[PDB]
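Throughout, read-outs are computed from the coordinates displayed, never taken from laboratory work. Quick reminder, even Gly has a Cβ in these numbers, built from the backbone with ideal geometry, and neighbours come from all protein chains shown.
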Amino acid sequence: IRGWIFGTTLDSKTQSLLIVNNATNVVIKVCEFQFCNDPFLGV
Amino acid sequence: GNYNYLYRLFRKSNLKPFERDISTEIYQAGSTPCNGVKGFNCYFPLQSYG
Ligand SMILES: *[C@@H]1O[C@H](CO)[C@@H](O)[C@H](O)[C@H]1NC(C)=O
Ligand SMILES: *[C@@H]1O[C@H](CO)[C@@H](O)[C@H](O)[C@H]1NC(C)=O
């Protein structure tokens, strides 16, 4: 487990919150995100 | 007129404290589906002070 997504619709038309543990770091963003249809990180 | 300053005139529900809804998507006031296209009872949600 390496992150979380939050929002209302999760389809860019209204804002969404992304939280990620980037190995050592932690990153937080609020954006008009369009996610991929099956979210995961390739490692 | 300076039209660059805008305010929301239409929303489905009232904001809670510091809720910051920026969405520009076309609103529906009517019982008939507006399908994301402008018209009577199918309003653009913002307005300009000019
Ligand atoms: C992500 O983590 C790597 C770890 O080496 C770091 O170099 C990079 O600057 C980080 N980037 C962000 C946006 O956190
Ligand atoms: C928060 O967003 C949802 C999106 O469906 C909406 O139903 C709800 O009324 C919103 N909350 C407020 C206080 O407007």
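Of note:
- Count of residues meeting criterion [within 13 Å of chain A (Cβ to nearest Cβ) and of a type in the set (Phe, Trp, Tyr)] in the range B:35-50: 0
- In chain B, the qualifying residues are those that are aromatic (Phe, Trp, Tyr) and within 11 Å of the chain's Cα centre (by Cα), and the one that is farthest from ligand 1 (Cβ to nearest atom) is B:43.
- When B:7, B:3, B:27 are checked against the criterion of being over 22 Å from residue A:31 (Cβ atoms), in contact with a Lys or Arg (Cβ under 8 Å, 6 or more places away or on another chain) and not hydrophobic (A, V, I, L, M, F, W, C), a single residue qualifies: B:27.
Quick grid of which residues meet (1) within 14 Å of chain B (Cβ to nearest Cβ); (2) in contact with a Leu (Cβ under 9 Å, 6 or more places away or on another chain):
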position: A:3; (1), (2): no, yes
position: A:14; (1), (2): yes, no
position: A:29; (1), (2): no, yes
position: A:37; (1), (2): no, no
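- Filtered by the rule that a residue be in contact with a strand residue (DSSP E or B) (Cβ under 8 Å, 6 or more places away or on another chain) and of a type in the set (A, V, I, L, M), the range B:1-16 gives B:6, B:9.
- When residues of the range B:3-34 are limited to those that are under 17 Å from residue A:7 (Cβ atoms) and more than 12 Å from chain A (Cβ to nearest Cβ), the one surrounded by the fewest Cβ atoms within 10 Å (Cβ to Cβ): B:18
- Entry remark, the range A:9-37: residues being within 16 Å of ligand 1 (Cβ to nearest atom), exposed (fewer than 10 other Cβ atoms within 10 Å of the Cβ) and among the hydrophobic types (A, V, I, L, M, F, W, C) number 1 in total.
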